[PDB]
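Protein chains in written order, with the deposited numbering: chain D, 1 to 207, 209 to 402; chain C, 1 to 402; chain A, 1 to 207, 210 to 402; chain B, 1 to 207, 210 to 402.
This is the structure:
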């Protein structure tokens, strides 16, 4: 069984809701990132075995967002391409599946990622109209809210599951806003210092003049502890989750190229990192934010590594309440202190500041981890995120000098 | 690496467009079939590693149709479940990924299938109105037609890709209606003899009188014949050869396999029905999507010491008579078999023209139909494959576990 | 000032909701009725001064349903035609305006009526989306329910105003259901004895074409027990049901009105003379009471009393509403319930026949006129309540 | 018969499309103008006989825009109120009907105007959906474009009917753009000199509250060469552009009309007298010529000629439309184009000021009345073209 190497890694900068990326369909945005990876590695696209594309909001795009990403990037028709939907983890699950395909000898060279345009998601008139609607109010559902953000069993916003974690673990409003403010500060330092320059592929928004988008635009440079504390609850009366301590609604795409040992040698691709192990876990949908805890457990149990071996960590910031609850549980289970976790986690900022384009985030945070691993020269890094419906995914990565 | 066994296989009967299954959401429909598999095999759901569910039309269902299938089937929260969209091949790609996971040692016991309620698909107001729509008509797109049936590169219906194959490969209208009629006759024969009784899990639809039990494929057309088929008019192209009579229908349905490693079979005392020998995923020009089974079958066989001539039964999805005849013509040339040899063993209980084509589940559906006919006939090798919107195909090579 | 004469009167049969008239747009439906009136009177349409058309649910028809009625009936471009909306009174208010125009010498020959296709009314995405709709659900309003049936000041269905009348005036569920059953019986009797044959113009729905000529809403399979077992239609513990309220319906109705110079110059025998008109207002919360001030206003222009009426048409929007009106009218005008009952809605009413909102005001006038001619009575009164809290009324006098 | 006097006249400033008036519903906008009239005249609202309100885009407003105008202006329930739809003429036709009602002795005091929120008009899913829609795309029609701007017989935009007039009369692109520019200059002149101050009632938009009292549509950054470089807006190779056509606008406008008895009884001073009215019809394909039969029918009721008119308002639906009307009026009435243009639309017209469809026919009458008063002239004429091929006209006499 061949080791699995990451030989390329690029992401878009992340757009704000109705922001710079909002004109781009998800297939078109994703294709620009894959094309960037193709032009840099110079691999003949005909040698790719498959393209696997995380995508949640697929209504209105015509057949297969995933295949659109491949064809519009210049990958030939003979290379199959498709899409996967495990809500928030969709951009990491594509990688996990590519990992399995390479391990099982079913593939040697795979593009795996995710792409999401929450801006472009439309509104749904239910199919029950096909048989008729005699009278009264006709309600069209927001595709983004229902299909990416609404639990299918309790009909609650994901923000309610964040309140559930806050209430169950006693994570206070002030602790959530401290976490959120820190993530903003870390993101702004990373952006302004050029930290993201290597990992970001420029995206051109065709226009009256083409616009070039290359700098994350969601970080809030005009907030502070007092402003955060004065925000109103966003999801439930007298709740603690606000728009300031929750992640945003965003557009974005991100992809890896994964290669077997045979491919690395045959096509002279030099690995950035190795994927040591994967994990996918489930929890109660009502506290879906805790999904990283079984996911991380399953990934480590496939290795001789422990959480203490990780030197960098990316845990996606769906909600401050959710990440703090995850951190709290990770400490008890793995015998690390919260200060040890926090000092190495989301070191360049997280989704509260950078944004959460759902189908792409699981790949986004893996790209960010990879490039910071290389900069620091550390050996192991962990990436993981919670998933709507009560799941998580996780990747353990090892540096390849 | 472990062998990959099919230890369970069940499908719904296929519902007509706006027919018996139309009130059921795709996650509810799929869950009923997975729950049947769970009750028959008596496996503790907590020992399943993952549920992988093909599904194309996911709009308006709330988060993840895959997870809905698993949860509402009684599978614990700790078992992850999700969905895949490779259009028509979605119910077969899910098995192919389960096959990969087991070979890689990432999984031991997987439920993999697909579910699709074409009837319940809605209509899409585009997201550009979020920024405003100052004046003019506003068009809502049919979610079914656009997202399941419309090519994303040429903005043409799947039926137009059928015309392109009918033209390029010389498939006449008469040959298409012959294929279509024979498909009807074989399906009716299979339905009426009880041939599908083993493979179909009954589905309960809640109804005001009392609950409806649906267990009999309702799309086969018992009133058509050669002259009625010849009198139909072109459905997609002026002067074309493709009609509603020689094309598949719009349909609802679900279909699932349980896949097991060798450890799982021993640890859980599961009885393999068949073994999955190899898989194939191929690509072709979107303009001739129908030709997708050809590279996919080639890739599957290139992983084995088997040739197409080793197959005793074949299931090739009937997206369109023109598409299936075009595949047949090319398989014959490449693999050195006659058309007669193929047709005497392909879709022997009828195909999608008669039985229906619930897009995200057909890939799994035709595999369940293959498996049960292999058991009844006692043959060793069966092949299943189908084309895929956007120019792709998938294939499975199966071997009997007698 | 000229007297005002009704020289022609025709209505469509009334269709059920999504029923036989459902394919017809209101402009088209109204045009067939006006063209019937043109064919029978044989008046040159170029001699018509105006066409005035009641119509409530005008969304989605393109410019001016009233002008479509005239143009598609064969009335030349030079004859102006337009629409008026006073909700349920629209088909009578058009006649009342025609009466004004003739009295004032502004016109000599007018076609006035109304037309409504409740079946064809669609659903409304609100105009606020022009500026954008960032997120959350988007509700399209039912055009028919909102714009024909929903009060603009209290956001209640017209059914709630019927409940308000039942409460304030002590009108019981059983009284409502008795009134409703009687209306069904009289309507069925009238239909089946051919009493509406004279007034009804046949309508052709292109399809083979369908000829519609018989009111299809009356419920031939109901009775006191079934009506009593229905559940309230508009509020828990209420008395208004689908069975003692009118329905949702499609239909059109028209009259031709003429001066004295027109009657002479074109030799048209008046059916009746319009003696006086009335338009009244009440609280929108009890809109059904609207006929009470309208009837009072019409009579105060004459030396006539309510006791001089030999036939009455009071539209049956709801049994609660109609019984409430009857109670107040007996009081004000010194007549008994039994006296009103025996001469009011003698051929059935809207509970059985239906309520095509923009046309009913003309519809009940056409039914009154033809029963006046069969009975040879001198005076007939027509009136109906209006959404928003209004009523309209007409006093008619037979022409020997 | 009683004379008919205008005893009050007020209008909103006209809003741009999605501009300052866009948040106001048409009933609310109209009520604010009627309330201004009520507060200025200090008449007891209970003495009004009815309120008649032009309004075209009625969808999604709930029951009766006319009634909403009255109720929300503070007019009591007993005073009936309704709406009329003759497209572009609706705000003048309401007055014409008030004129008939007073003349006929059916009323003594009437509020008549129009109101339109083109910005607030929604989008229409068609009622055919009620019976089901098995598959394929679903189109929602723009309520504004279809029901106010689209011909019901040729399915063409009103801008196409302007092309037909320009082609049939040889009105050149350059002649149109000069008319348009002149209109902008006269409008800007009048706005900035305070000429409209008397006639405009301020409107409060609840967004701190906004006070809107200045016409915002006049284009102060256009000139001859910028107009010459605009693309055709309606047909390939055509002459009509966005710069020589009216705009999409919001606004309301009302008059109070009084009998001789009412003037005496309620101590009201007439501003002007309505001498005569006219309503005409023309071919829908050249609907913009509608003012020609309307004007002709109005003068033919009097001993006056077009030559007696000292001020004229003719609504500028399209420069092509208005030049064709002027060309035809000159031939029929024996006046020169120079004579007409020196006294027509002296404070600008709809190209610059905007065209709130249901209100414009009242708006141009309000603008005429106040300019009549400022100049002290005796006779003025207002007229406008109407979708579907009609016109309306009022002849006014100063009451000094």
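We put the beta carbon where it would ideally sit given N, CA and C, even for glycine.
Note to self: List, from N- to C-terminal side, the beta strand (DSSP E) runs of 3 residues or more that fit wholly inside the region 224-282 of chain B.
What the structure shows: 251-260
*Contact set for residue 359 of chain A: own chain, Cβ-Cβ below 6 Å, skip 5 residues either direction*: 56, 88, 116, 148
Next item on the list: Give a yes or no on contact between the region 95-111 of chain D and the region 248-267 of chain D, applying the rule of three or more CB pairs nearer than 8 Å.
Entry: yes
Counting only beta-carbon atoms, is residue 84 of chain C nearer than 7 Å to chain D?
yes
Any beta-carbon of chain A closer than 7 Å to the one on residue 258 of chain D?
-> no
In the DSSP assignment, what are the bridge partners of residue 123 of chain B?
-> A:125, B:142
Notebook entry, point to check: Could you give the residue range of the alpha helix (DSSP H) that holds residue 330 of chain D?
Noted result: DSSP places residue 330 of chain D in the uninterrupted alpha helix (DSSP H) bounded by 321-335.
> When you compare only the Cα positions, how much space is there between residue 209 of chain A and residue 2 of chain B?
Replying inline: Gap note for chain A: numbering proceeds from 207 to 210 with nothing in between, so residue 209 of chain A has no coordinates.
inquiry  = Need the endpoints of the alpha helix (DSSP H) that residue 161 of chain B sits in, please.
reply    = From DSSP, the alpha helix (DSSP H) with residue 161 of chain B extends over 158-169.
- Query: Touching or not, the region 57-66 of chain A and the region 119-132 of chain B, by the rule of three or more beta carbon pairs under 8 Å?
  - Reply: yes
_C-beta atoms of residue 90 of chain C and residue 363 of chain C nearer than 7 Å_ = Yes; because the gap between Cβ atoms is below 7 Å, this pair is in contact.
Bounding residues of the alpha helix (DSSP H) (the contiguous stretch that carries residue 41 of chain B): 26-41
| task | Answer yes or no: do residue 182 of chain C and residue 202 of chain C have a C-beta to C-beta separation smaller than 7 Å? | result | Not a contact, by the Cβ cut-off of 7 Å.
Quiz item: Closest to residue 248 of chain A by CA distance: which of A:15, A:11, A:8, A:9 is it?
Solution: A:15
Can you name the start and end residues of the beta strand (DSSP E) that residue 83 of chain C belongs to?
-> Note, residue 83 of chain C: beta strand (DSSP E), 81-85.
Exercise for review: Measuring alpha carbon to alpha carbon, tell me which of C:287, C:281, C:312 ends up nearest residue 302 of chain C.
Suggested key: C:281
Between the C-alpha atoms of residue 241 of chain A and residue 290 of chain A, what's the straight-line distance to the nearest angstrom? 15 Å
Minimum C-alpha distance to residue 295 of chain C - residue among C:305, C:378, C:335
C:335
- Which value, in whole angstroms, describes the spacing of the CA atoms of residue 163 of chain B and residue 326 of chain B? 11 Å
Check: Could one say the Cβ of residue 132 of chain D lies closer than 7 Å to chain B's Cβ atoms, at least one of them?
Finding: yes
List, in order along the chain, the chain A residues whose C-beta lies closer than 9 Å to that of residue 243 of chain D? Here the premise fails: no neighbours, minimum Cβ distance about 17 Å.
- Message: For residue 82 of chain A and residue 94 of chain A, what's the separation of their Cα atoms in angstroms?
- Response: 10 Å
Thinking C-alpha only, which one of C:40, C:184, C:376 is nearest residue 274 of chain C?
-> Of the listed residues, the one whose Cα sits closest to residue 274 of chain C is C:376.
| task | Answer yes or no: do residue 141 of chain D and residue 137 of chain A have a C-beta to C-beta separation smaller than 7 Å? | result | yes
Requested in this report: Whole angstroms is fine: what's the gap from residue 219 of chain B's alpha carbon to residue 161 of chain B's?
Outcome: 23 Å
Please list, in chain order, all residues of the same chain as residue 230 of chain D whose beta carbon is under 8 Å from its beta carbon, the five residues on each side excluded. 173, 174, 177
Worksheet entry | Contact set for residue 350 of chain C: own chain, Cβ-Cβ below 6 Å, skip 5 residues either direction | 183, 186, 187, 190
query: Which partner residues of residue 436 of chain C appear in the DSSP bridge assignment?
result: Outside the displayed span of chain C (1 to 402) sits residue 436 of chain C, for which this structure offers no information.
| message | Using only the alpha-carbon positions, how far apart do residue 213 of chain B and residue 205 of chain B sit? | response | 7 Å
| said: Against residue 275 of chain D, what residues of chain C qualify as contacts under a CB-to-CB distance less than 9 Å, listed in chain order? | reply: Correct list: empty, because the minimum Cβ distance to chain C is about 15 Å.
Are three or more beta carbon pairs between the region 44-54 of chain D and the region 72-86 of chain D nearer than 8 Å? yes
Worksheet item: Could one say the Cβ of residue 138 of chain C lies closer than 7 Å to chain B's Cβ atoms, at least one of them?
Response: Output row for residue 138 of chain C: interface = yes.
Practice prompt. Would you kindly report the start and end of the unbroken alpha helix (DSSP H) that includes residue 99 of chain D?
Written response: Its alpha helix (DSSP H) spans residues 90-103.
For residue 300 of chain A, does the three-state DSSP call read helix, strand or coil?
helix
>> Can you check whether the C-beta of residue 97 of chain C is within less than 7 Å of a C-beta belonging to chain D?
In response: yes
Check: Going by DSSP, which residues form a beta bridge with residue 314 of chain D?
Finding: D:346, D:383
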